[PDB]
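Undergrad: So the sequence lines, in the order shown, correspond to chains A, B, C, D, E and F. Using my numbering, you'd call the opening residue of the first sequence number 145 and step up by one each time. Using my numbering, you'd call the opening residue of the second sequence number 145 and step up by one each time. Using my numbering, you'd call the opening residue of the third sequence number 145 and step up by one each time. Using my numbering, you'd call the opening residue of the fourth sequence number 4 and step up by one each time. Using my numbering, you'd call the opening residue of the fifth sequence number 4 and step up by one each time. Using my numbering, you'd call the opening residue of the sixth sequence number 4 and step up by one each time. Built from N, CA and C at the ideal position, the CB exists for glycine as well.
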Amino acid sequence: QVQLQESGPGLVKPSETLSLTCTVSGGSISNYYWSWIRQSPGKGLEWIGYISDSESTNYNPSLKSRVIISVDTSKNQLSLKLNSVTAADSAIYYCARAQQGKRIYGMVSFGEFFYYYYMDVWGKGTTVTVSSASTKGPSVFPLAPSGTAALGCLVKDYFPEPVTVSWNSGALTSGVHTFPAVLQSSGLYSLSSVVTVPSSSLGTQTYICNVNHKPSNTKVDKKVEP
Amino acid sequence: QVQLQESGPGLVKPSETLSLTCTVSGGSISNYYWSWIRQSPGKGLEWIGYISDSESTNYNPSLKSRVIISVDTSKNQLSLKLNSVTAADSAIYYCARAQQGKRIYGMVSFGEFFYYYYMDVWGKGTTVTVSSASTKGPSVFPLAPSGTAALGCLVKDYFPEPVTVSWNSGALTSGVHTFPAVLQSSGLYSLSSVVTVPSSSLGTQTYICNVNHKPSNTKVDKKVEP
Amino acid sequence: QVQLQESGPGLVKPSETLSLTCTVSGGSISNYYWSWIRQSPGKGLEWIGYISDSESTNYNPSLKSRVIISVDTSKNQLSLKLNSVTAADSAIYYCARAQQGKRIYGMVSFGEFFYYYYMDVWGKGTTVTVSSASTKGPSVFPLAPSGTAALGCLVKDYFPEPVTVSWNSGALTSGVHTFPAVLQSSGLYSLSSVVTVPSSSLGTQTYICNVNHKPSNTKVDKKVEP
Amino acid sequence: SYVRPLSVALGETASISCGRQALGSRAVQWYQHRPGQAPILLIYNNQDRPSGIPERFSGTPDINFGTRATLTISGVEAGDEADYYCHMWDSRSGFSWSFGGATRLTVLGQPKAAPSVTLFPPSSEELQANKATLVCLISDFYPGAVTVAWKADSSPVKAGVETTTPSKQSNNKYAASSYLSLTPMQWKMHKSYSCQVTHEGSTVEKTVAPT
Amino acid sequence: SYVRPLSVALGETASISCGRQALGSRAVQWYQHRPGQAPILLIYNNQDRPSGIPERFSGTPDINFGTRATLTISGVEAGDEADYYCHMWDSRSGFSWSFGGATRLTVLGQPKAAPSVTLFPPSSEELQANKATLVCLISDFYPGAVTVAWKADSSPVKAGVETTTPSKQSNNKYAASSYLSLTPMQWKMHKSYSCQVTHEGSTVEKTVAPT
Amino acid sequence: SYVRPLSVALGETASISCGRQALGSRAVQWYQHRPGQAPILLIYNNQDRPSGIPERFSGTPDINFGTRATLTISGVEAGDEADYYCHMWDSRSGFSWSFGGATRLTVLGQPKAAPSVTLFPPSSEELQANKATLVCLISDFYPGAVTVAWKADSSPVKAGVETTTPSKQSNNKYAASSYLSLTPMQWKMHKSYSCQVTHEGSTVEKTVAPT
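1. Run through DSSP, which three-state label would F/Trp190 get?
2. Does A/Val265 come out as helix, strand or coil in the three-state DSSP assignment?
3. What residues from chain F crowd round D/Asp156, counting only those whose CB sits closer than 9 Å?
4. Please classify D/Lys134 as buried or exposed, where buried requires at least 16 other C-beta atoms within 10 Å of its C-beta.
5. Quick one, which of F/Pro146, F/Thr168 and F/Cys89 has its alpha-carbon nearest F/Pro42's?
6. Quick check: F/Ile46 and F/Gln32, are their CB atoms within less than 8 Å of each other?
7. Helix or strand or just coil, what does DSSP make of C/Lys208?
8. Within the same chain, show all residues whose beta-carbon is closer than 6 Å to that of F/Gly112, passing over the 5 residues directly before and after it, in chain order.
9. Please name the residue, chosen from C/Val326, C/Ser329 and C/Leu295, that lies closest to C/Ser345 on a Cα-to-Cα basis.
10. With a threshold of 6 Å on Cβ separation, who are the neighbours of B/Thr201 within its own chain once the five nearest residues in sequence on each side are excluded?
11. Please determine if the stretch 244-260 of chain A and the stretch 268-286 of chain A are in contact, where contact requires at least 3 C-beta pairs separated by less than 8 Å.
12. Using a Cβ cut-off of 8 Å (strictly closer), state whether F/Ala41 contacts chain C.
13. Nearest-angstrom Cα distance between D/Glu129 and E/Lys176?
14. What is the rounded straight-line gap between the Cα of A/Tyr351 and the Cα of A/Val299?
15. Is it buried or exposed for F/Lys154, if we count other Cβ within 10 angstroms and need 16 for buried?
16. Kindly list, in the order they appear in chain E, the residues whose Cβ is closer than 9 Å to that of F/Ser195.
17. Just grab the DSSP bridge partners of E/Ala152 for me.
18. Indicate whether the contact test is met: 3 or more Cβ pairs, each with one atom in the stretch 173-189 of chain F and one in the stretch 143-154 of chain F, closer than 8 Å.
19. Does any C-beta atom of chain F lie closer than 8 Å to the C-beta of C/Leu346?
20. Residues in the stretch 177-206 of chain F with C-beta within 8 Å of chain D's C-beta atoms, listed in sequence order?
21. The stretch 171-200 of chain B: which residues have C-beta closer than 7 Å to a C-beta of chain D, in chain order?
22. Among the residues of its own chain, which have a CB less than 6 Å from the CB of F/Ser197, if the five just before and after it don't count?
23. Please identify the residue among E/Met91, E/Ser61, E/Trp100 and E/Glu80 whose C-alpha is closest to the C-alpha of E/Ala25.
24. Using a Cβ-Cβ cut-off of 7 Å (strictly less than) and excluding sequence neighbours within five positions of C/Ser329, which residues of its own chain qualify?
25. Assuming C/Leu162 and C/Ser151 make a contact with CB atoms under 8 Å, what is their CB distance in whole Å?
26. By a C-beta neighbour count over all protein chains shown, 10 Å radius and 16 as the cutoff for buried, is C/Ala277 buried or exposed?
27. Considering only the alpha carbon of each residue, which of A/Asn361, A/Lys246, A/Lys367 and A/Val339 lies closest to A/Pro304?
28. Using alpha carbons as the reference points, say which of E/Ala116, E/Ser157 and E/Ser126 lies closest to A/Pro289.
29. Tell me, please, whether the CB atom of B/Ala242 is closer than 8 Å to any CB atom in chain D?
30. Does any residue of chain B have a CB that is nearer than 8 Å to the CB of D/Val138?
31. According to DSSP, which residues form a beta bridge with C/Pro342?
32. Report the CB separation of A/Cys166 from A/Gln221 in whole angstroms; it is logged as a contact under 8 Å.
33. For C/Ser169, which option in C/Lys208, C/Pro205, C/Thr217 and C/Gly188 has the closest C-alpha, if you only look at C-alpha atoms?
34. Quick one: does D/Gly82 have its CB under 8 Å from some CB of chain B?
35. Is it buried or exposed for D/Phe123, if we count other Cβ within 10 angstroms and need 16 for buried?
36. Does the Cβ of C/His321 lie closer than 7 Å to at least one heavy atom of the ligand MN?
Set out below in structure tokens:
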């Protein structure tokens, strides 16, 4: 019923205002609590802050001095603004709905209770990289094949992570296998997607490899054939 | 007590009367039922027909129009004649004794019973190939050796299957290993027989490899030595 | 409390008096029984003889004619002298304390008992080789390295067995792995010692390989470095 | 005819239901057949088994109508791998000419066995005939599936290779043969030839050179 | 934050004790997180679990004080491998901003799986760009650790290789990629290139040559 | 003397019957001996065991005549692999000079372990001496049996190799060494040298080249 979807730049220069947004699908926004969570490599999950149903804010003191969370009720969008970003600010920024719980141990009249918040539905994450380097679209090269056979699609020299790859614009989905990237010494990632198809399908089921690298708005297509 | 042994051409030209025979060893022939069974590659076991102890015949309607089964009581031989053979007639033709069983469910007076036949002792099979191609004897080449060691005997370019191989004319039997044939693109089979013997037996236990290809009546022998 | 340590030539010429000694550490010598035991390759453990606390002797009749066992109570040393040694006299000569047991089955008055001896604490063994060949010190060559890494020390062309190897004069002990020797066709043994150390330890933890070949009183050292 | 598979773990009890169900009183025969070999009549009457067949092979009798014909093989072993035919006779239907379908029984949980590769160089008499054949003999491996790879020196060679599909041996293991045909000059002009036999996760290599 | 490991055999019951013990009445949340994926709230109140989470995930309630907060995962499977966070709230301490430590759960006794290597030669369009890359794709292997080895003909080649640290797949197996970069002349002037993938005790080789 | 073998599965109870049976009242000693090491007196009187030996090593006492002398090792482990001698004394026979036969105990069902190959190139000082030796060091493998294969580039090399028969290590695994001797010119004039170590079903290769 309720799903969330993040969206961000992916690349932000050092000492610059990072800005992400998050869309709610199915439910409203001004009747729930929403939290921003990031997860850096090596470091654990870090709670950034949250916003109420009355649009009241409360930031983590770890980054209180430079985080501003907002909300737009015209639709179901809530944003995040983080300035003065450093190299340690690159992470997968998640977006989740917080649910207020009231743990009561003594007398509510004396205030012998405390509120706790928990995230019950999360987003999918937005990869964000803080680097002085500039974005670069990839270079797609086909890998033609020769029981069954396997063909590929080589996505080399792009920055930064990630890159989505679908086969036949989304039609081909069985046997697809996209492999994690590789950070070469030059500083650019290199991917590789491969599907296993029946050998007899070589003539002539068209195999269109789709590649999208949003940090450079450079989508490309390429066909494979022996 | 009772054993059966088939014998056939192995190669019959298309549109020609195939003919096989079967010998009974130990028992008689005119006091039992006998059935012919063939098994083609891919297709299951196929019942061809049978003959009674009174020499009455009953053919499978699958090949009723072109099968004739006979019997010779002078000894214990029963034959099979199949004409108009096609490529699908090549199989391993087995020979087995059928035993009549009378399953009674109701009243024998009203005929409420039926006869069933089952084969309890079989032969070993005769490989028969239907092909326009001509027979060709093999070419035997020795494979000298160098805990233990292993020597071989290469039987290449023959047609059709099969070829029997014994070592030391039947004396050598421990550690013998004859490998299934190979159908090359030329259309001829190629075999290979290998025994594992103690290394010290190299000097000088004679190792005679025997090869027999009956479809060409070409028996040959060859010795192996480093 | 009580430990024993053998000591011998390691190499004795054919038809010559072999002579070994054994030291007791912690206890005395003139109050126990002591036995000499050798173990040749292929043949089992062989009891050579023993000596009493009163220094009375009793040799195995297998080699009674040419074995003389002695004892020196000034310290805790007991010796062994075996002359007319042949090639079959090369073995690991062990030294152990024998404990007299008196098994009584009938009446001690009639002598219905017998004494049995058992060795409860042994030495470590002394390798002795009987050969006309002459001793030769080894030739040590370093094997520099390149998670972790491994460096080595090549001890080649020595005679006879054995050779002790310690790393950093005894300091380095974790990850050490000395491999059994190799008898080349020339007739000389060749060893190899290797330790696995952290890769970062390459700069610059000194790795000194120590090699001792007592049959030639030729100790040597060598350092390894990329 | 068509083949219906069945997998039974090693040591379990196999239950092979017949292909066609009877319409009246029945007299069903059970045959064991491994391709390239004569069938073995397991049970002739609805439950009567001949001599030379263990008690672990049992069939269902025709007591009351409605009972299906099932061959039960208790304590399955690797030798029980074969085709099982259900020759069905009944009072209602006619004369049983067809042996029926074919239940392909495979016994799971058998011990994995590595191959025993043996490579032979071209014989002298063959080279005297201006021909040369390298033979790679693989045996005693389970499960029965291997991949061969021929290399001239270090470079691969795929033109001129002939490989056998695996074949079960008398000891319930598999065997395969590979033949690399080449001209006698390609055998002298190269340094060494290798046959790489990859089975399960591992690969084994045996090499030969003209010396 | 720091990571504390835990090994539980396949099928057993995992007992993950919380990082920090409560000083008063508590309300503890349990999150499941596998890196590169959104967390999964397993239990929100001390024992209340949301929908879409099996009954085998259980937490300890706050009945009497002194009971430690432990997440129990009965019947562990290979999918249960993830980081487990214990978001601890209590009456005494302040506002729980930190999710706490991270219990790295690994499930022992999983079936060993051999890799599926696939090597591609340099594409024509890449060679037209005066560059050439050999790619070696490894997948479906467990345990997730392999070693790659690139050889030009028979001689080794280590200058120009880039290999991925293994990554868990959706089927609980691992995948790795290896990229050998070389000039297009070094691709023509050599006879063949090979990628040796050694996993567990065995090694598998896939080779390619410009033909 | 002759050696009589015995196989006991891991964890079972070994029953080692003595070589010679007693004619009268007996006093039997049991010694544990692994070749290349000092024996370990397990039991001295018919059942008395010294200190430093677990209770799982037990011997039969001489209560009534007729009982055979048997050493029982309950809960066998890989460390229990050794030669077991039965020093037999009795009232009837004379002085027991011979330790008797030798029961070679092997513990079945031990975990298979893949080797750890390590290949070193010829050292500079050795090459300065106009000699060159390649050493291939294999360790931590079980069962203790491997096959080495030396190749110059891709062609095999068998002239000049010396290999050690496996030897048990302190951790109950095996180790072997292989030495390929060659002239320093054959080390420079070749591209690379490899040592292929095949253990159980798999083969592992480590290669080295003069660079």
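TA: Straight from the coordinates:
1. Walking along the sixth sequence from the start, residue 190 of chain F turns up at place 187. F/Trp190 falls in the helix class under three-state DSSP.
2. For the purposes of this step, residue 265 of chain A is taken as the residue at position 121 of the first sequence. Residue state, collapsed to three classes: strand.
3. Here residue 156 of chain D refers to the residue found at position 153 when the fourth sequence is read from its first residue. What D/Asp156 touches in chain F: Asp156, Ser157 and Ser158.
4. By 1-based counting over the fourth sequence, the position of residue 134 of chain D is 131. With 16 or more Cβ atoms within 10 Å of its Cβ, D/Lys134 is classed as buried.
5. Counting from 1 along the sixth sequence, the entry for residue 42 of chain F is found at position 39. Per the Cα distances, F/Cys89.
6. Within the sixth sequence, numbered from 1, the residue matching residue 46 of chain F stands at position 43. Within the sixth sequence, numbered from 1, the residue matching residue 32 of chain F stands at position 29. Yes, these two residues count as a Cβ contact at 8 Å.
7. If you number the third sequence from 1, residue 208 of chain C lands on position 64. Reduced to three states, the DSSP call for C/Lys208 is helix.
8. Translated into the one-based positions of the sixth sequence, residue 112 of chain F becomes position 109. Within the same chain, F/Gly112 has close Cβ partners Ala12 and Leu13.
9. By one-based count along the third sequence, residue 345 of chain C stands at place 201. The shortest C-alpha separation from C/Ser345 is found at C/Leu295.
10. Position 57 of the second sequence holds residue 201 of chain B. The answer, listed in chain order, is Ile195 and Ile213.
11. no
12. Stepping through the sixth sequence from its first residue, residue 41 of chain F is reached at position 38. It does: the Cβ of F/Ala41 has a partner Cβ on chain C nearer than 8 Å.
13. Stepping through the fourth sequence from its first residue, residue 129 of chain D is reached at position 126. Stepping through the fifth sequence from its first residue, residue 176 of chain E is reached at position 173. C-alpha separation (whole angstroms): 49 Å.
14. Counted from its first residue, the first sequence places residue 351 of chain A at position 207. Counted from its first residue, the first sequence places residue 299 of chain A at position 155. Spanning the two alpha carbons is a distance of roughly 16 Å.
15. By one-based count along the sixth sequence, residue 154 of chain F stands at place 151. F/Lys154 is buried by the Cβ-count criterion.
16. By one-based count along the sixth sequence, residue 195 of chain F stands at place 192. Ordered by position in chain E, the residues that pass the 9 Å Cβ test against F/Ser195 are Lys154, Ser157, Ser158 and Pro159.
17. As a first step, residue 152 of chain E must be located in the fifth sequence, where it is residue number 149. For E/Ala152, which the question treats as bridged, DSSP gives the partners E/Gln199.
18. yes
19. Reading the third sequence from its first residue, position 202 is the one you call residue 346 of chain C. Not an interface residue.
20. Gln199, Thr201, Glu203, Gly204, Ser205 and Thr206
21. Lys187, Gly188, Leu189 and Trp191
22. Within the sixth sequence, residue 197 of chain F is the residue found at index 194, counting from 1. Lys154, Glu208 and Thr210, listed in sequence order.
23. Locating residue 25 of chain E in the fifth sequence gives position 22, where the first residue counts as 1. Checking every option, the nearest Cα to that of E/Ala25 belongs to E/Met91.
24. The sequence position of residue 329 of chain C within the third sequence is 185, counting from 1. Counting only Cβ-Cβ distances below 7 Å, and skipping sequence neighbours, we find nothing.
25. Counting from one through the third sequence, the residue named residue 162 of chain C turns up at place 18. Counting from one through the third sequence, the residue named residue 151 of chain C turns up at place 7. 13 Å between Cβ atoms; not a contact.
26. As a working mapping, residue 277 of chain C is identified with position 133 in the third sequence. Label assigned to C/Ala277: exposed.
27. The count along the first sequence starts at 1 and reaches residue 304 of chain A at position 160. Nearest option by C-alpha distance: A/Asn361.
28. Walking along the first sequence from the start, residue 289 of chain A turns up at place 145. Checking every option, the nearest Cα to that of A/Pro289 belongs to E/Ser126.
29. Within the second sequence, residue 242 of chain B is the residue found at index 98, counting from 1. No, because no Cβ of chain D sits closer than 8 Å to the Cβ of B/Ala242.
30. Counted from its first residue, the fourth sequence places residue 138 of chain D at position 135. With 8 Å as the cut-off, D/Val138 counts as an interface residue toward chain B.
31. Within the third sequence, numbered from 1, the residue matching residue 342 of chain C stands at position 198. According to DSSP, which records beta bridges pairwise, C/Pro342 is partnered with C/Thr292.
32. Here residue 166 of chain A corresponds to residue number 22 of the first sequence, with the count starting at 1. Here residue 221 of chain A corresponds to residue number 77 of the first sequence, with the count starting at 1. Yes, A/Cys166 and A/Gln221 are in contact; Cβ-Cβ is about 7 Å, under 8 Å.
33. Position 25 of the third sequence holds residue 169 of chain C. Nearest of C/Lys208, C/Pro205, C/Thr217 and C/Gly188 to C/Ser169, Cα basis: C/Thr217.
34. To locate residue 82 of chain D, count along the fourth sequence from 1; it is residue 79. Taking Cβ atoms only, chain B never reaches closer than 8 Å to D/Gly82, which makes this a no.
35. One-based indexing of the fourth sequence puts residue 123 of chain D at position 120. Per the 10 Å Cβ criterion, buried.
36. No copy of the ligand MN appears in this structure; indeed no ligand is present at all.
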